[PDB]
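S.K.: Take a look at this one; I'll ask things after.
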2 protein chains.
Amino acid sequence: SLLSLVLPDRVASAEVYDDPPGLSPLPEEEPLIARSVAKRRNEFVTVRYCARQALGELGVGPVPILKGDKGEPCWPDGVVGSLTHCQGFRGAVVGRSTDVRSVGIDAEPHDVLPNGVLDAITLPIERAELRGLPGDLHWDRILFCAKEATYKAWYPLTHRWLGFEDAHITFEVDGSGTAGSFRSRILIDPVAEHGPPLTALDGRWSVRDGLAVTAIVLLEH
Amino acid sequence: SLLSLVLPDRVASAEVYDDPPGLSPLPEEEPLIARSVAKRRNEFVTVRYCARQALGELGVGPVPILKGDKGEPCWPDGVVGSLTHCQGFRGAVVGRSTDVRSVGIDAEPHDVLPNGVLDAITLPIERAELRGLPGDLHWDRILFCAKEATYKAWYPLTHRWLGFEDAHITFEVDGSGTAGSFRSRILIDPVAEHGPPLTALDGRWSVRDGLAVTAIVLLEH
Ligand SMILES: Nc1ncnc2c1ncn2[C@@H]1O[C@H](COP(=O)(O)O)[C@@H](OP(=O)(O)O)[C@H]1O
Ligand SMILES: Nc1ncnc2c1ncn2[C@@H]1O[C@H](COP(=O)(O)O)[C@@H](OP(=O)(O)O)[C@H]1O
Ligand SMILES: [Mg+2]
Ligand SMILES: [Mg+2]
Ligand SMILES: [Mg+2]
Ligand SMILES: [Mg+2]
């Protein structure tokens with residue numbers, strides 16, 4: 001699994017690389033995609049099939065996963081998690097809220113960013129630091145995935161906007177040259193609605209099978 | 001009502017000015033606010049009481065209003081609408097999809113914008129044009145409201161991001177000095193999922209009772 005390369009043992013994950021046949025929303029989810037085009041319906045249903053497989057590994061039965069503030073997923077009591085879908089990937093990660101405070105994941109095609117996007121998503125200091133990272137890796141795309149995972153882990157604990165310029169992400173590469181760690185240093189007020197302040201979020205990144213994947217798992221102390 | 005000052009006929013509106021006692025979510029809505037702090041629970045529940053009053057006026061029984069892509073409200077079959085909540089205001093507008101293509105509304109306290117917001121939401125040309133507008137009005141705040149109503153009317157028809165810089169808003173002021181019209185000229189690809197391109201959205205604005213309110217109601221062709 002691509003997500004096993006960026007996750008700890010305390011969470012369950014499930015992923016697919018396509019839209020498997022015969023998948024349906026649960027009845028409670030139907031209104032969220034009643035008006036959605038085929039591509040949106042597919043990713044929504046497929047990623048929630050993945051979520052319910054991962055929930056099953058936690059000993060949680062099939063439940064609907066609705067959407068709340070700014071699109072955040074709505075987990076059953078005692079569960080936290082994150083969802084992501086891009087071209088060739090749907091993935092879900094869940095953990096017990098007794099062991100895990102927040103999860104944020106992202107997956108993107110491992111390709112150069114469209115012209116203009118890098119400058120829009122970076123601090124000057126990030127552009128400099130990227131230029132000195134090693135490997136034939138699309139560091140622009142990897143940075144984008146890390147910013148996205150950071151927002152997904154941050155938002156359920158704060159319900160505040162985190163802009164691209166509001167986190168400074170630094171990367172470390174493990175011996176493989178294709179995976180490692182990142183740290184997101186939060187540059188804005190770090191007060192959380194629950195648990196300790198979010199001054200910094202540590203995560204993992206991996207580039208494998210034409211995808212960049214990032215995950216942050218914030219643990220309950 | 002404050003919303004009646006910015007609306008045509010064939011839409012229903014409802015509003016209140018606080019969070020009254022004696023309100024509950026519908027049971028299908030409970031998951032959306034199950035982890036929410038009181039201020040968020042209260043605004044969510046009150047604005048949906050408003051939405052159900054406006055639906056009742058239109059002839060639609062009380063239904064849950066869930067959230068979909070990027071937080072967009074999920075309306076019942078044959079209905080479009082918009083919701084807003086700020087300090088001292090909750091309001092809802094709904095129409096039949098047979099009369100109305102889309103609806104966007106916004107309400108803000110009529111106060112100067114907080115630091116840095118005006119520059120984040122404007123083109124250079126807009127900052128120039130706003131300096132030219134007449135009256136002791138917070139034109140920075142009214143522009144923010146018109147950009148918010150624009151995005152809410154646009155998003156359901158496109159499912160594409162509209163940045164604050166992707167819409168050029170121009171205002172008219174009526175002889176009252178506290179109401180008028182605006183036009184939002186769209187600067188990105190205007191193609192809709194159905195019907196004619198969204199090249200420009202026309203709306204109304206009003207300042208009354210310490211609030212700025214904006215509404216766009218788009219015609220069903
Ligand atoms: N504000 C937010 N906080 C955390 N997760 C969010 C979020 N808004 C959206 N998400 C999650 O991000 C998912 C999409 O991830 P990505 O954009 O990387 O493919 C959404 O999938 P769904 O819309 O299917 O629920 C949703 O579950
Ligand atoms: N992408 C989107 N498109 C249209 N309406 C949206 C939207 N995201 C959020 N909204 C609506 O805007 C409301 C909030 O408006 P405002 O920010 O002006 O107070 C939300 O209220 P709820 O979160 O209570 O559903 C939701 O109904
Ligand atoms: Mg996706
Ligand atoms: Mg993503
Ligand atoms: Mg609000
Ligand atoms: Mg608003």
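Following the order of the structure tokens, first chain is A, next is B, and so on, with residues numbered from 1 inside each chain and ligands from 1 in the order they appear.
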Hey, list the chain B side of the contact with chain A: 10 Å cut-off, only C-alpha atoms, answer as a PyMOL selection string.

M.R.: chain B and resi 28-29+31-37+40+44+64-77+156+159+193

S.K.: Export, as an mmCIF file, in the first residue's frame, the selected residues with C-alpha atoms.

M.R.:
data_model
loop_
_atom_site.group_PDB
_atom_site.id
_atom_site.type_symbol
_atom_site.label_atom_id
_atom_site.label_comp_id
_atom_site.auth_asym_id
_atom_site.auth_seq_id
_atom_site.Cartn_x
_atom_site.Cartn_y
_atom_site.Cartn_z
ATOM 1 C CA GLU B 28 -29.843 13.856 9.680
ATOM 2 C CA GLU B 29 -27.922 17.188 10.394
ATOM 3 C CA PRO B 31 -23.335 14.541 12.571
ATOM 4 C CA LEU B 32 -22.334 17.870 10.953
ATOM 5 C CA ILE B 33 -22.180 19.631 14.351
ATOM 6 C CA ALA B 34 -21.506 16.656 16.690
ATOM 7 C CA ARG B 35 -17.942 18.044 17.493
ATOM 8 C CA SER B 36 -18.726 21.749 17.006
ATOM 9 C CA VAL B 37 -18.248 24.467 19.674
ATOM 10 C CA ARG B 40 -20.930 27.113 15.453
ATOM 11 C CA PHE B 44 -25.862 26.174 11.993
ATOM 12 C CA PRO B 64 -32.524 18.454 6.463
ATOM 13 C CA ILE B 65 -30.019 20.797 4.729
ATOM 14 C CA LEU B 66 -26.707 18.893 4.577
ATOM 15 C CA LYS B 67 -23.348 20.094 3.178
ATOM 16 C CA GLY B 68 -21.590 18.910 0.038
ATOM 17 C CA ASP B 69 -18.578 19.964 -2.025
ATOM 18 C CA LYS B 70 -16.599 22.822 -0.359
ATOM 19 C CA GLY B 71 -19.438 23.254 2.203
ATOM 20 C CA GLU B 72 -22.226 24.024 -0.357
ATOM 21 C CA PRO B 73 -25.731 23.466 1.034
ATOM 22 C CA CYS B 74 -27.676 20.388 -0.225
ATOM 23 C CA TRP B 75 -31.198 21.524 -1.225
ATOM 24 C CA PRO B 76 -34.242 19.310 -1.755
ATOM 25 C CA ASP B 77 -35.359 18.332 -5.261
ATOM 26 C CA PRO B 156 -23.144 25.306 -7.385
ATOM 27 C CA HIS B 159 -17.845 23.257 -9.020
ATOM 28 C CA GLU B 193 -22.289 22.590 -16.054
#

S.K.: Could you pull out all residues of region 26-145 of chain B with a DSSP call of strand (DSSP E or B) and give them as a count of residues only?

M.R.: 30

S.K.: For region 98-103 of chain A, work out the shell of residues within 9 Å, counting only C-alpha atoms and skipping chain neighbours fewer than 3 positions away, then give it as a list in words.

M.R.: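 Contacts, with the query itself left out: residues 10, 11, 78, 79, 80, 81, 82, 93, 94, 95, 149, 152, 153, 154, 156, 157, 194, 195, 215, 216, 217, 218, 219, 220 and 221 of chain A.
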
S.K.: Around ligand 4, which protein and nucleic acid residues have at least one atom no more than 12 Å from it, if we count only C-alpha atoms and all ligand atoms? List them as a count of residues only.

M.R.: 32

S.K.: Hey, what's within 12 Å of region 120-124 of chain B if we count only C-alpha atoms and toss same-chain stuff fewer than 5 positions away? As a PyMOL selection string, please?

M.R.: (chain A and resi 163) or (chain B and resi 113-115+129-131+139-148+162-170+187)

S.K.: Using the selection just defined, write its residues with C-alpha atoms as a PDB file, in the first residue's frame.

M.R.:
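Once written, part-v9.pdb looks like this:
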ATOM      1  CA  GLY A 163      -3.123  29.850   3.960  1.00  0.00           C
TER       2      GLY A 163
ATOM      3  CA  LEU B 113     -12.596  45.191   7.103  1.00  0.00           C
ATOM      4  CA  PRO B 114      -9.877  43.728   9.333  1.00  0.00           C
ATOM      5  CA  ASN B 115      -6.227  44.355   8.366  1.00  0.00           C
ATOM      6  CA  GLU B 129     -12.850  52.376  -8.271  1.00  0.00           C
ATOM      7  CA  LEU B 130     -13.896  51.947  -4.564  1.00  0.00           C
ATOM      8  CA  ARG B 131     -12.045  55.250  -3.666  1.00  0.00           C
ATOM      9  CA  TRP B 139     -17.120  50.057   0.719  1.00  0.00           C
ATOM     10  CA  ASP B 140     -14.304  47.553   1.594  1.00  0.00           C
ATOM     11  CA  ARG B 141     -16.893  45.552   3.664  1.00  0.00           C
ATOM     12  CA  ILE B 142     -19.666  45.873   0.971  1.00  0.00           C
ATOM     13  CA  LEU B 143     -17.211  44.636  -1.702  1.00  0.00           C
ATOM     14  CA  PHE B 144     -16.334  41.603   0.569  1.00  0.00           C
ATOM     15  CA  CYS B 145     -20.128  40.842   0.846  1.00  0.00           C
ATOM     16  CA  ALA B 146     -20.607  41.111  -2.956  1.00  0.00           C
ATOM     17  CA  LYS B 147     -17.560  38.785  -3.617  1.00  0.00           C
ATOM     18  CA  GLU B 148     -19.018  36.253  -1.093  1.00  0.00           C
ATOM     19  CA  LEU B 162     -13.482  31.363  -7.995  1.00  0.00           C
ATOM     20  CA  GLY B 163     -10.690  33.440  -6.362  1.00  0.00           C
ATOM     21  CA  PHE B 164     -11.436  36.957  -5.013  1.00  0.00           C
ATOM     22  CA  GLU B 165      -9.203  38.176  -7.947  1.00  0.00           C
ATOM     23  CA  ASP B 166     -11.265  36.198 -10.571  1.00  0.00           C
ATOM     24  CA  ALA B 167     -14.307  38.531 -10.280  1.00  0.00           C
ATOM     25  CA  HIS B 168     -14.238  42.296 -10.987  1.00  0.00           C
ATOM     26  CA  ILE B 169     -17.154  43.874  -9.053  1.00  0.00           C
ATOM     27  CA  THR B 170     -18.591  47.323  -9.983  1.00  0.00           C
ATOM     28  CA  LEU B 187     -12.324  36.875 -15.448  1.00  0.00           C
TER      29      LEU B 187
END

S.K.: Please identify all polymer residues within 10 Å of residue 57 (chain B), counting only C-alpha atoms, omitting same-chain residues fewer than 3 positions from it, and present them as a ChimeraX atom specification.

M.R.: /B:11-14,51-54,60-61,94

S.K.: Could you check which of A:43, A:19, A:136, A:126 is closest to residue 111 (chain A), using only C-alpha atoms?

M.R.: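 Once distances to residue 111 (chain A) are computed over only C-alpha atoms, the minimum belongs to A:136.
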
S.K.: Take CA of residue 23 (chain B) and CA of residue 45 (chain B) and report the distance between them in Å, one decimal.

M.R.: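 Separation of CA of residue 23 (chain B) and CA of residue 45 (chain B): 6.9 Å.
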